[PDB]
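Let's start with one chain on its own, the form solved without its partner chain, as structure tokens.
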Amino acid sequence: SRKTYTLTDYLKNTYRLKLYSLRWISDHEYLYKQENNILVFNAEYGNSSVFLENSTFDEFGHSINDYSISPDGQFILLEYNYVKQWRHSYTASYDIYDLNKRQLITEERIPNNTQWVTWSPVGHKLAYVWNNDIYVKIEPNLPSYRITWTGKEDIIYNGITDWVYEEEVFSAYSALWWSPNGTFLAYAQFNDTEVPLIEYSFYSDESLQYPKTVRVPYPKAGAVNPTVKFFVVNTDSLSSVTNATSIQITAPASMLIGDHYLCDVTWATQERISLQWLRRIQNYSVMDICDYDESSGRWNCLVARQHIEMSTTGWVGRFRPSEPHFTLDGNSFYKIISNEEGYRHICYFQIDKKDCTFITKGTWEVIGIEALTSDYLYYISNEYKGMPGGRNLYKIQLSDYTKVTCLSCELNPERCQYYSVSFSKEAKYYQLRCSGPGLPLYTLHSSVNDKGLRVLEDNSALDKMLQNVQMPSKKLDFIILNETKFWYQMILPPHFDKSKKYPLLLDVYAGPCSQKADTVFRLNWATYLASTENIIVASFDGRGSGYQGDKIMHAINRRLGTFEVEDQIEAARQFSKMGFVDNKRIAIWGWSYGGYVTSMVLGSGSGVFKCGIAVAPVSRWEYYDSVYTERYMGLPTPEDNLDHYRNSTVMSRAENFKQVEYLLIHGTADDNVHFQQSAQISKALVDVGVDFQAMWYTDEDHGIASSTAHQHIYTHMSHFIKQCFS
């Protein structure tokens, strides 16, 4: 028949998925950015109007990669000169455009190289970080206010996170939090003074005669961590002559005793804020709730109003302890915690009551609390059809927990089993985002009746196109390892025939709380490998997996590099026994953590895999950051878990590579998983006399995402798998 999904189709993106990215600016309207201009839509009827003309900035004399509209509708922050840094951080230039007088504000503008800018939740206030310091701008055109004075590049961070807090705990560059009505501005301060530095070369443009040495504060497992401090300033009592006074919120005592982290900050009310602290041994976490003392200016976190969240089987939280969701009066909150059975469900807390009440339960987990009203609590779980690789929106009645209602399950069971949601400001309207198993589907509904208002995007255009091509099929199912059931998924070739014996590629990640077997629709490298190369691309979620309860997830506690890789081999070993697998041609590949596992699996001497590809893998945990590695491995000291830190390296298995064909790929500018980790993998192989393929990607980081590097690395890998299979 016609043609297949080729590699060029994947790299050149000839089949484009359509999205529908809207931005709720109220409880009735959302902004729908189009390529040229920005519209404004009326959720109820759908009528729309141009918010601002595409031509409006024709002669701005600068490319604008991003806009940001004040919660006022009164102003537009314009971002340009974007210069990416790490996964989330980056700097840019900003100009504020007045929608009132339609004038570009030119006085007291924001500095260039600003690290972070953000409006207050309600007016048109501004808080930005520049040179690691925090500034506040009560008016778009008024002089700025210095909040902090201790900023020092690479040493002291104010309002922005350092490398590890950004990547590991906050997953953001920003470390500042406005209060509900913009009155207060809370922020964190990080001190990297004694954090060791990671140094690597950056070659830059050909014209750069001498390579530069990039050095960033990065604590590797067991190293000295950055320290943290919290402050809350009053953006209403700030002069222009006085130095704004930032009130510090310290403690708790149970955390000050030793190395700790600040893992969450969520405002309860106009004057109440909650902080969540975590010990370096991510076993024990403490949440404090502080009130602003009217006639003292300070903040008081009452003991008795704090809640301890710990774990005897593993660490706290999937990645970081859950986020609390406070009721209007802030006198109580809902948050996802682990079950007495080990399943993450919603617990209802009274700020001054020690015990909470689980409102949900069962052998499934609540992914996330999406919205809260005085009436209902909207959450997303994988309860439906009892399959953890699904996602549906549910709403539970706060008056009767017995009354839980799924709002996505039946909308279109055939095409959608994986939703994500986006509510308007008061949760009066919401947009459901279906991403599989069929083509992505975007629709709008209203919370009063959960009535379907209309389809925002059905990817019909993409569909029309995809019928002229032999697409691969996806099978989501499970197998049974001694009692427990583990899910897997296989990307099957067009006209798949269970009679024939296909070569198999095991796409692996297997990180703690990961999930490679789901119902999401994807047009990636696997699509091609199956559509054109007729290769089955499988994925198995074994011990360590997430969203299935701690008994499975914490299985690899203080024991990384064990069961999760062991089960990957087990899965393949079974896949081959299913009759449509040529057990003579079974390969495995993964990126990041998946690269670590690929290597561990190829070095297991299992004999199951013929060849494999590791892309930017981890070779030994003492090389990765503290926050991540220690959450699962504890500390690398002989009193804690050093022995296992040593038993789970890749180099220690080098000898067993004699039996396989291996391809090691790593970007030289990887700040996350340092090139060092692969430099130690190759050295071990060379010392053992093992031949293998290699490929470095100069100036590329953990993503190898630049246009040319991306197309280059998949082409190289495609050849590799073809060679190993044909």
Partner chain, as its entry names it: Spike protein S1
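Residue numbers count along the first chain shown, from 1.
Omitted from view is the form deposited with its partner chain bound, to which the following refers.
A heavy atom within 4.5 Å of its partner chain in the deposited bound form is found for exactly one of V83, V303, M578, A461: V303. This chain appears without its partner; in the deposited bound form, the one residue of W130, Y378, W177, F231 with a heavy atom within 4.5 Å of its partner chain is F231. Using a 4.5 angstroms limit between non-hydrogen atoms, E294 touches its partner chain in the deposited bound form.
When its partner chain is considered in the deposited bound form, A253 lines it closely, a heavy atom lying within 4.5 Å. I155 falls outside the set of residues with a heavy atom inside 4.5 Å of its partner chain in the deposited bound form. Among heavy atoms of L481, none comes within 4.5 Å of its partner chain in the deposited bound form. Residues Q248, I257 and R298 are all found to lie within 4.5 Å of its partner chain in the deposited bound form, as judged by heavy atom distances. The stretch from 99-107, 279-287, 601-609, 425-433 that comes within 4.5 Å of its partner chain in the deposited bound form, counting heavy atoms only, is 279-287.
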